[PDB]
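First up is the structure itself, then whatever we jot down about it.
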Amino acid sequence: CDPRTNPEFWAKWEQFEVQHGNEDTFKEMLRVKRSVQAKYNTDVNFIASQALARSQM
Amino acid sequence: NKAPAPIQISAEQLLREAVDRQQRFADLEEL
Amino acid sequence: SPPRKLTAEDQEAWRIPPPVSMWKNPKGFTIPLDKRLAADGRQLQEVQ
Amino acid sequence: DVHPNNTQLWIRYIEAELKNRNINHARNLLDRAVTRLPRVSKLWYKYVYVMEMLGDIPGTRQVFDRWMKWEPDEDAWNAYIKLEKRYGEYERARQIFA
Amino acid sequence: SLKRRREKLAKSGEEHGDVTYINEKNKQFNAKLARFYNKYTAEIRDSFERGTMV
Amino acid sequence: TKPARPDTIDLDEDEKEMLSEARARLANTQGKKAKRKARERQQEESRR
Amino acid sequence: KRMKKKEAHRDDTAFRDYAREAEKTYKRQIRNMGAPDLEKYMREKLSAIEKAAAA
Amino acid sequence: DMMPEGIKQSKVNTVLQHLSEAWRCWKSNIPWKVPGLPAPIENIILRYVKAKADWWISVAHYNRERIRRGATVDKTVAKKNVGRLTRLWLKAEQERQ
Amino acid sequence: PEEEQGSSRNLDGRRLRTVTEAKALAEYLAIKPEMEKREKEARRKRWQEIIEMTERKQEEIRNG
Amino acid sequence: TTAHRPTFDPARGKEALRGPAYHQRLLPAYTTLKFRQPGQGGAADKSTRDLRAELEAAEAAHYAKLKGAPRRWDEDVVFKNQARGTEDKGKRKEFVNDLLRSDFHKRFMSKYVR
Amino acid sequence: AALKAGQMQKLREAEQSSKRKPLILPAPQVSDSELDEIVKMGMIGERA
Amino acid sequence: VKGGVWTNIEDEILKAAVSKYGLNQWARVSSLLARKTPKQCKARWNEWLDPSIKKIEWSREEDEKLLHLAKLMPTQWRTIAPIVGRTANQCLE
RNA sequence: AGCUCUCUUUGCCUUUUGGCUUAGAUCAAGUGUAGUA
């Protein structure tokens with residue numbers, strides 16, 4: 001999943017973590033979010049992100 | 001002005017610039 | 001004898017890759033650095 | 001002389017003499033081509049097509065008869081049968097199925 | 001066939017994306033390299049497109 | 001091991017010169033004899 | 001028949017060998033040649049009857 | 001002789017360029033594995049790179065004996081031989097590591 | 001001037017060709033549904049122009 | 001450049017020149033053929049089964065011949081007995097089809113690269 | 001630009017069917033025998 | 001002057017030079033760059049510009065491996081670096 | 001269910017790297033000022 005294209009899934013994961021999780025699992029989820037967001041920094045994925053960002057407005 | 005440039009060159013810009021700057025017969029005897 | 005009945009699977013099975021040398025370039029070509037680092041097995045070697 | 005069994009060269013020389021209406025020359029070439037290379041289907045196809053486009057249906061039949069003498073693949077017999085079904089001699093096509 | 005030749009020349013004359021060649025033979029060779037080798041060097045391709053790990 | 005410093009607004013004469021040389025040597029493909037034979041072909045056509 | 005024919009045409013666009021391309025090219029050329037003038041053929045056949053019964 | 005009949009043999013000097021690069025990868029102890037090169041062609045290349053390598057190593061052995069004895073006086077032979085044994089030592093030392 | 005040097009990069013690490021393509025594609029995603037409308041009503045009005053021409057010819061043949 | 005080139009069409013043999021002889025090329029040498037004298041073998045063919053019998057008898061003879069059937073001064077020393085099984089090399093001299101891993105290469109490169 | 005990106009996203013989707021690291025699910029702390037135990041204990045309770 | 005820090009101009013010219021000449025001719029590549037030697041160009045490619053180099057922030061798994069190996073092989077950093085998955089200076093720093 | 005033209009996709013590669021050895025060998029470099037007018 002892409003954080004800047006699919007934010008609702010990350011919101012649901014944070015909701016699951018605040019109902020069931022700790023500070024260590026929360027830090028793990030931040031680490032995975034940062035790593036995945038860094039992974040999807042390609043040119044085509046940036047193009048798709050900006051396309052959907054200006055499409056929803 | 002040693003502030004960082006708004007545009008930074010890439011090697012593909014180098015390659016693009018390298019690419020960018022790269023009878024009538026009168027008689028039978030001439031034929 | 002009558003010619004062998006080939007398939008497209010066989011034609012694909014006998015495709016010879018274009019060779020990208022790590023040393024030679026007699027036409028002075030500019031090769032993408034993806035393809036230059038395609039046959040370098042050293043990065044894909046195992047360490048353990 | 002340098003490349004005797006090259007099909008591309010043979011077709012180029014035949015077509016180069018067909019574009020200039022040298023029909024007798026090109027038919028000599030096609031006989032020499034299918035004599036040199038009897039198991040190349042493209043040369044036989046080109047000879048039967050050239051003979052059919054010139055209107056000589058008996059010529060197309062004699063070229064097909066020589067090819068069938070050479071015992072070709074299934075597509076050649078099928079092409080011969082479709083020829084005789086195009087022109088309506090159904091008993092001849094029956095003999096070709098035999 | 002002549003129309004096919006001219007259309008192929010015009011289609012390959014149009015450029016799309018980055019320039020990684022220096023003449024037309026190099027462009028044809030690089031496109032042939034792409035056609036064969038994209039299915040093996042996707043990770044290095046995105047390593048260049050990303051600025052980091054494969 | 002450090003990331004590259006970004007480019008200034010105004011580049012040095014060293015930098016602009018090395019860009020000019022980079023374009024020149026990147027565009028190059030031929031040795032002496034091939035260049036001379038191409039120039040001879042052009043010259044011979046002019047003379048003819 | 002038409003849909004099976006066009007699936008065959010779709011599946012036979014990758015190169016296999018020159019025999020199959022010879023087959024495809026011949027069938028395409030014969031199809032593009034058009035339906036034959038069978039009346040001209042019957043006239044020529046009748047002339048061949050009269051000539052062959054004259055020799 | 002090992003290509004099938006009917007395969008389009010337009011690009012076959014490419015295999016000779018692959019053999020050249022395979023030999024260079026043998027000398028420099030770089031592993032050679034072309035992605036997408038068929039197993040038959042790869043087998044031919046590996047076989048003849050082994051044969052060339054054995055000829056190279058035998059010639060190195062012979063010239064090293066002759067350099068030890070003083071039987072040769074040419075500088076080129078000594079230079080070639082030190083280059084060959086430098087490569088051979090580094091191959092052995094990479095193997096040792 | 002950014003057309004000629006569009007393969008260079010920004011400070012963040014984005015190509016100028018990439019951001020130009022992103023803006024153009026965002027504009028296309030904004031404008032594409034209304035274009036497919038106006039072409040469907042365009043071909044629809046062309047179809048009624050045809051049906052009006054043919055009702056004109058049939059009434060011309062029926063009234064003489 | 002393409003001055004430096006491979007060979008794809010190697011040179012083909014020619015018939016000799018049918019010309020007058022003036023040039024001298026091969027000086028005569030060993031102009032007399034030797035033949036196998038009686039006792040030098042070769043000029044005697046017996047049969048096939050006799051040859052097979054003689055061959056199998058020679059093989060059986062070689063296999064029969066191979067088979068043969070017709071205060072202690074060293075007590076502060078830190079390490080003791082570090083050379084058991086080192087002298088056992090030489091059980092059977094073995095050929096390895098790798099000139100980079102054969103024992104000849106190891107002997108050669110340990111002798112020379114010091 | 002839209003059509004070129006359509007080709008690019010088709011190639012990206014072709015990549016998308018192969019980069020899938022498979023979901024290595026952890027072993028559950030309870031096995032199906034104890035699930036059936038819970039089922040029949042709940043059945044006993046609801047029948048009572 | 002034949003020294004300094006690597007600028008963006010030099011890194012891009014180095015990558016285009018490597019694209020033309022390859023990874024086994026560093027003297028041609030260094031001829032392109034005015035302030036850098038063949039050894040410095042080679043070190044810049046091997047330590048920074050190689051596309052197998054991970055420039056993202058570290059994970060906890062790589063931290064565990066790095067500390068475990070640095071305890072196994074003390075100050076043998078060029079040995080640890082292929083096993084961990086980064087360069088030697090990255091693991092050291 | 002045709003034939004022309006147009007577009008897309010598939011096929012095609014069509015100007016599409018022509019040997020060797022000790023990677024064949026080797027490779028630092030002019031000068032850049034300017035109290036006062």
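Scheme for the structure tokens: letters A, B, ... for chains in order shown; per-chain residue numbers from 1; ligand numbers from 1 in order shown.
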Chain E contacts to chain F at 12 Å (only C-alpha atoms) as a list in words: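 Every residue of chain E that passes the 12 Å test is in residues 20, 21, 22, 23, 25, 26, 51 and 52 of chain E.
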Per residue of chain G within 9 Å of range 53-75 of chain D, record the nearest atom pair and its distance in Å to one decimal, counting only C-alpha atoms, with rows in chain order and ascending residue number, as a tab-separated table.
residue	atom	partner	partner_atom	distance
G:20	CA	D:75	CA	8.8
G:23	CA	D:75	CA	6.9
G:33	CA	D:53	CA	8.2
G:41	CA	D:57	CA	8.8
Exercise: range 14-30 of chain K partners within 12 Å, only C-alpha atoms (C1' of nucleotides), chain neighbours under 3 positions left out, as JSON, numbers by chain: {"A": [1], "E": [38, 39, 40, 41, 42, 43, 46], "K": [7, 8, 9, 10, 11, 33, 34, 35, 36, 37, 38]}
Saved selection, atoms kept: N, CA and C atoms, as a short mmCIF file (atom, residue, chain, number, x, y, z; two decimals), in the first residue's frame:
data_model
loop_
_atom_site.label_atom_id
_atom_site.label_comp_id
_atom_site.auth_asym_id
_atom_site.auth_seq_id
_atom_site.Cartn_x
_atom_site.Cartn_y
_atom_site.Cartn_z
N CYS A 1 0.83 -1.20 0.00
CA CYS A 1 0.00 0.00 0.00
C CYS A 1 0.86 1.25 0.00
N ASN E 38 14.73 -5.31 -19.83
CA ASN E 38 13.93 -4.66 -18.79
C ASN E 38 13.38 -5.67 -17.79
N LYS E 39 13.10 -6.89 -18.24
CA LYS E 39 12.50 -7.86 -17.34
C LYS E 39 13.48 -8.40 -16.31
N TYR E 40 14.77 -8.08 -16.43
CA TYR E 40 15.77 -8.53 -15.48
C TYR E 40 16.34 -7.42 -14.60
N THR E 41 16.29 -6.17 -15.05
CA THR E 41 16.90 -5.05 -14.34
C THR E 41 15.85 -4.04 -13.90
N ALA E 42 14.72 -4.51 -13.39
CA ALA E 42 13.70 -3.60 -12.88
C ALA E 42 14.14 -2.96 -11.57
N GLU E 43 14.80 -3.74 -10.71
CA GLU E 43 15.19 -3.27 -9.39
C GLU E 43 16.28 -2.21 -9.48
N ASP E 46 14.57 1.04 -10.76
CA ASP E 46 13.97 1.83 -9.69
C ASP E 46 14.98 2.32 -8.67
N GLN K 7 0.84 3.31 -20.85
CA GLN K 7 1.79 2.23 -21.14
C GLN K 7 2.70 1.96 -19.95
N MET K 8 3.16 3.03 -19.29
CA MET K 8 4.05 2.88 -18.14
C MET K 8 3.35 2.19 -16.97
N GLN K 9 2.08 2.52 -16.73
CA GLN K 9 1.35 1.87 -15.65
C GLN K 9 0.94 0.46 -16.03
N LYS K 10 0.77 0.15 -17.32
CA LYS K 10 0.60 -1.24 -17.72
C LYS K 10 1.85 -2.06 -17.42
N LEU K 11 3.03 -1.50 -17.68
CA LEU K 11 4.27 -2.19 -17.32
C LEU K 11 4.42 -2.30 -15.81
N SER K 33 -8.48 -27.96 17.72
CA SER K 33 -9.02 -28.84 18.75
C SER K 33 -9.55 -28.04 19.93
N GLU K 34 -8.82 -27.01 20.36
CA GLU K 34 -9.31 -26.17 21.44
C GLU K 34 -10.47 -25.29 20.97
N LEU K 35 -10.51 -24.93 19.69
CA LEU K 35 -11.70 -24.27 19.15
C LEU K 35 -12.92 -25.16 19.26
N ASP K 36 -12.77 -26.44 18.92
CA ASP K 36 -13.88 -27.38 19.06
C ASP K 36 -14.24 -27.59 20.53
N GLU K 37 -13.25 -27.52 21.42
CA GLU K 37 -13.52 -27.58 22.85
C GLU K 37 -14.39 -26.40 23.29
N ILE K 38 -14.06 -25.20 22.82
CA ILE K 38 -14.87 -24.02 23.11
C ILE K 38 -16.27 -24.18 22.52
#
For CA of residue 52 in chain L and CA of residue 2 in chain F, the interatomic separation in Å (one decimal):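 Going from CA of residue 52 in chain L over to CA of residue 2 in chain F covers 16.2 Å.
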Could you pull out the residues in chain C that DSSP calls helix (DSSP H, G or I) from the backbone, as a PDB file with N, CA and C atoms, in the first residue's frame?
ATOM      1  N   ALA C   8       6.821 -20.727 -31.309  1.00  0.00           N
ATOM      2  CA  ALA C   8       7.322 -19.465 -30.781  1.00  0.00           C
ATOM      3  C   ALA C   8       8.065 -19.667 -29.470  1.00  0.00           C
ATOM      4  N   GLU C   9       7.745 -20.740 -28.743  1.00  0.00           N
ATOM      5  CA  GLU C   9       8.509 -21.091 -27.553  1.00  0.00           C
ATOM      6  C   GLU C   9       9.957 -21.389 -27.905  1.00  0.00           C
ATOM      7  N   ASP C  10      10.188 -22.082 -29.022  1.00  0.00           N
ATOM      8  CA  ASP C  10      11.547 -22.390 -29.452  1.00  0.00           C
ATOM      9  C   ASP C  10      12.292 -21.153 -29.929  1.00  0.00           C
ATOM     10  N   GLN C  11      11.616 -20.278 -30.675  1.00  0.00           N
ATOM     11  CA  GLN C  11      12.239 -19.034 -31.110  1.00  0.00           C
ATOM     12  C   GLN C  11      12.643 -18.187 -29.916  1.00  0.00           C
ATOM     13  N   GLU C  12      11.795 -18.128 -28.889  1.00  0.00           N
ATOM     14  CA  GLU C  12      12.183 -17.449 -27.660  1.00  0.00           C
ATOM     15  C   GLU C  12      13.290 -18.181 -26.923  1.00  0.00           C
ATOM     16  N   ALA C  13      13.321 -19.510 -27.006  1.00  0.00           N
ATOM     17  CA  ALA C  13      14.364 -20.299 -26.371  1.00  0.00           C
ATOM     18  C   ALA C  13      15.714 -20.136 -27.040  1.00  0.00           C
ATOM     19  N   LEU C  33      23.111   2.676 -17.354  1.00  0.00           N
ATOM     20  CA  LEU C  33      23.823   2.052 -16.248  1.00  0.00           C
ATOM     21  C   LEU C  33      23.052   0.901 -15.631  1.00  0.00           C
ATOM     22  N   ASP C  34      21.799   0.725 -16.022  1.00  0.00           N
ATOM     23  CA  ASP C  34      21.046  -0.467 -15.672  1.00  0.00           C
ATOM     24  C   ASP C  34      21.587  -1.671 -16.420  1.00  0.00           C
ATOM     25  N   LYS C  35      21.810  -1.506 -17.724  1.00  0.00           N
ATOM     26  CA  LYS C  35      22.247  -2.592 -18.583  1.00  0.00           C
ATOM     27  C   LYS C  35      23.720  -2.904 -18.403  1.00  0.00           C
ATOM     28  N   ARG C  36      24.533  -1.896 -18.084  1.00  0.00           N
ATOM     29  CA  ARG C  36      25.938  -2.141 -17.787  1.00  0.00           C
ATOM     30  C   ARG C  36      26.085  -3.009 -16.549  1.00  0.00           C
TER      31      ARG C  36
END
Distance query range 18-34 of chain M at most 10 Å, only C-alpha atoms (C1' of nucleotides), self and fewer than 6 positions along chain excluded, as a PyMOL selection string: (chain C and resi 22-24+26) or (chain H and resi 13-14+16-17+20+24+27-28+76-84) or (chain J and resi 1-8) or (chain L and resi 1-2+24-25+27+31)
CA of residue 8 in chain G to CA of residue 6 in chain C, straight-line distance in Å: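 Interatomic distance here is 16.8 Å.
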Surrounding residues of residue 8 in chain B excluding itself and chain neighbours under 4 positions, 10 Å, only C-alpha atoms (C1' of nucleotides), as a PyMOL selection string: (chain B and resi 4+13) or (chain F and resi 6-9) or (chain I and resi 7-11+13-15) or (chain L and resi 8-9+12)
Output for the residues just chosen: N, CA and C atoms as a PDB file, in the first residue's frame:
ATOM      1  N   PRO B   4      22.118  27.426  -3.444  1.00  0.00           N
ATOM      2  CA  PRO B   4      21.884  26.290  -4.346  1.00  0.00           C
ATOM      3  C   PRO B   4      20.934  26.647  -5.478  1.00  0.00           C
ATOM      4  N   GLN B  13      20.769  15.219 -18.985  1.00  0.00           N
ATOM      5  CA  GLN B  13      20.885  16.530 -19.607  1.00  0.00           C
ATOM      6  C   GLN B  13      22.194  16.654 -20.379  1.00  0.00           C
TER       7      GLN B  13
ATOM      8  N   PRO F   6      24.846  20.726  -3.676  1.00  0.00           N
ATOM      9  CA  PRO F   6      24.100  21.270  -4.810  1.00  0.00           C
ATOM     10  C   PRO F   6      24.899  22.339  -5.539  1.00  0.00           C
ATOM     11  N   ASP F   7      24.441  22.641  -6.746  1.00  0.00           N
ATOM     12  CA  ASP F   7      25.123  23.584  -7.612  1.00  0.00           C
ATOM     13  C   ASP F   7      24.730  25.011  -7.265  1.00  0.00           C
ATOM     14  N   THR F   8      25.698  25.915  -7.351  1.00  0.00           N
ATOM     15  CA  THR F   8      25.448  27.311  -7.050  1.00  0.00           C
ATOM     16  C   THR F   8      24.660  27.967  -8.181  1.00  0.00           C
ATOM     17  N   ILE F   9      24.202  29.193  -7.923  1.00  0.00           N
ATOM     18  CA  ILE F   9      23.482  29.948  -8.942  1.00  0.00           C
ATOM     19  C   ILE F   9      24.408  30.286 -10.101  1.00  0.00           C
TER      20      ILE F   9
ATOM     21  N   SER I   7      14.957  17.465 -18.492  1.00  0.00           N
ATOM     22  CA  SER I   7      15.454  16.228 -17.909  1.00  0.00           C
ATOM     23  C   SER I   7      16.320  16.451 -16.679  1.00  0.00           C
ATOM     24  N   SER I   8      16.510  17.698 -16.257  1.00  0.00           N
ATOM     25  CA  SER I   8      17.260  17.984 -15.047  1.00  0.00           C
ATOM     26  C   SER I   8      16.378  17.762 -13.820  1.00  0.00           C
ATOM     27  N   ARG I   9      16.930  18.033 -12.641  1.00  0.00           N
ATOM     28  CA  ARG I   9      16.254  17.703 -11.394  1.00  0.00           C
ATOM     29  C   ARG I   9      16.050  18.935 -10.519  1.00  0.00           C
ATOM     30  N   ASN I  10      15.170  18.776  -9.528  1.00  0.00           N
ATOM     31  CA  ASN I  10      14.870  19.806  -8.545  1.00  0.00           C
ATOM     32  C   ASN I  10      15.774  19.652  -7.325  1.00  0.00           C
ATOM     33  N   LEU I  11      15.471  20.399  -6.263  1.00  0.00           N
ATOM     34  CA  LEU I  11      16.219  20.255  -5.019  1.00  0.00           C
ATOM     35  C   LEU I  11      15.810  18.996  -4.271  1.00  0.00           C
ATOM     36  N   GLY I  13      14.654  16.149  -5.636  1.00  0.00           N
ATOM     37  CA  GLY I  13      15.041  14.955  -6.355  1.00  0.00           C
ATOM     38  C   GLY I  13      14.011  14.536  -7.381  1.00  0.00           C
ATOM     39  N   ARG I  14      13.275  15.501  -7.918  1.00  0.00           N
ATOM     40  CA  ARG I  14      12.258  15.247  -8.925  1.00  0.00           C
ATOM     41  C   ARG I  14      12.671  15.869 -10.251  1.00  0.00           C
ATOM     42  N   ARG I  15      12.490  15.118 -11.330  1.00  0.00           N
ATOM     43  CA  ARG I  15      12.804  15.624 -12.655  1.00  0.00           C
ATOM     44  C   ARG I  15      11.751  16.626 -13.107  1.00  0.00           C
TER      45      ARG I  15
ATOM     46  N   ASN L   8      27.536  18.329  -7.162  1.00  0.00           N
ATOM     47  CA  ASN L   8      26.530  17.679  -7.996  1.00  0.00           C
ATOM     48  C   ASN L   8      26.983  17.600  -9.447  1.00  0.00           C
ATOM     49  N   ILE L   9      27.691  18.634  -9.915  1.00  0.00           N
ATOM     50  CA  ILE L   9      28.274  18.630 -11.253  1.00  0.00           C
ATOM     51  C   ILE L   9      29.176  17.422 -11.430  1.00  0.00           C
ATOM     52  N   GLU L  12      27.237  14.023 -11.512  1.00  0.00           N
ATOM     53  CA  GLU L  12      26.537  13.772 -12.767  1.00  0.00           C
ATOM     54  C   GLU L  12      27.509  13.499 -13.908  1.00  0.00           C
TER      55      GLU L  12
END
Within 12 Å of residue 21 in chain C using only C-alpha atoms (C1' of nucleotides), minus same-chain residues under 3 positions, as a ChimeraX atom specification: /C:17-18,24-31,33,35-40 /H:14,17-25,32,34 /L:19-24 /M:17
Chain E residues near chain A (10 Å cut-off, only C-alpha atoms) as number ranges by chain: E: 45-54
May I have the selected residues written with N, CA and C atoms, as a short mmCIF file (atom, residue, chain, number, x, y, z; two decimals), in the first residue's frame?
data_model
loop_
_atom_site.label_atom_id
_atom_site.label_comp_id
_atom_site.auth_asym_id
_atom_site.auth_seq_id
_atom_site.Cartn_x
_atom_site.Cartn_y
_atom_site.Cartn_z
N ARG E 45 16.67 -0.34 -12.11
CA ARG E 45 15.97 0.78 -12.74
C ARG E 45 15.30 1.66 -11.69
N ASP E 46 14.57 1.04 -10.76
CA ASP E 46 13.97 1.83 -9.69
C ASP E 46 14.98 2.32 -8.67
N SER E 47 16.15 1.68 -8.57
CA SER E 47 17.21 2.22 -7.73
C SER E 47 17.72 3.54 -8.28
N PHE E 48 17.83 3.66 -9.60
CA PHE E 48 18.14 4.96 -10.20
C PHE E 48 16.97 5.93 -10.10
N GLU E 49 15.74 5.46 -10.31
CA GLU E 49 14.59 6.35 -10.24
C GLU E 49 14.28 6.80 -8.82
N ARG E 50 14.88 6.17 -7.81
CA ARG E 50 14.60 6.44 -6.41
C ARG E 50 15.74 7.12 -5.67
N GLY E 51 16.98 6.90 -6.09
CA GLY E 51 18.13 7.46 -5.41
C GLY E 51 18.64 6.65 -4.24
N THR E 52 18.21 5.40 -4.09
CA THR E 52 18.57 4.58 -2.94
C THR E 52 18.42 3.11 -3.32
N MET E 53 18.32 2.25 -2.30
CA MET E 53 18.37 0.78 -2.34
C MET E 53 17.60 0.12 -3.47
N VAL E 54 18.08 -1.04 -3.90
CA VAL E 54 17.48 -1.80 -5.00
C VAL E 54 16.06 -2.25 -4.68
#
Neighbours of chain I in chain A at 8 Å, counting only C-alpha atoms, as a PyMOL selection string: chain A and resi 43-44+46-48+50-52+54-55
Within 12 Å of chain C: residues of chain B, using only C-alpha atoms, as a ChimeraX atom specification: /B:11-12,14-16,18-19
Chain H residues near chain E (12 Å cut-off, only C-alpha atoms) as a list in words: residues 34, 35, 36 and 37 of chain H
Atomic separation - CA of residue 6 in chain D relative to CA of residue 83 in chain D, Å: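 CA of residue 6 in chain D lies 28.2 Å from CA of residue 83 in chain D.
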Chain F contacts on chain L, only C-alpha atoms, 6 Å, as an MDAnalysis selection string: chainID L and resid 6:8 48
